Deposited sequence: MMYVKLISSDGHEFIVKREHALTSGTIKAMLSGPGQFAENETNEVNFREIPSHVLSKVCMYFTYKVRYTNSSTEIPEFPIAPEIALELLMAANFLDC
């Protein structure tokens, strides 16, 4: 299985499936096996990775879909990341 490494601004290294990371057209462009994010801290990028897993699991499923949870304290930074990453 092919993995890629996504590195947060504080140096946390997140290793996720290549297919999952391609959810983002921005990441696809940055690859085309490691990407550094100078503006995305680990408390945001960890949640981005969880979104990839959630999207891949529940896209095209009849099994009832749970709400994607977002704590108020991280909502604004997460919005900025999502807009940059186009996801």
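Coordinate coverage of the deposited sequence is interrupted once, at 33 to 42, where no C-alpha atom was modelled.
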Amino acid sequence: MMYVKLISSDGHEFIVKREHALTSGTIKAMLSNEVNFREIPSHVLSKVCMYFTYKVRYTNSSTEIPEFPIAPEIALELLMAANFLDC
From here on, numbers count along this sequence of modelled residues.
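Averaged over their C-alpha atoms, the temperature factors of 12 to 20 and 59 to 67 are higher for 59 to 67.
Of the two stretches examined, 77 to 85 and 1 to 9, the record assigns the greater average C-alpha temperature factor to 1 to 9. Sorting the modelled residues of the chain by their CA temperature factor places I40 in the middle third. Sort the modelled residues of the chain by CA B factor and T26 lands in the middle third.
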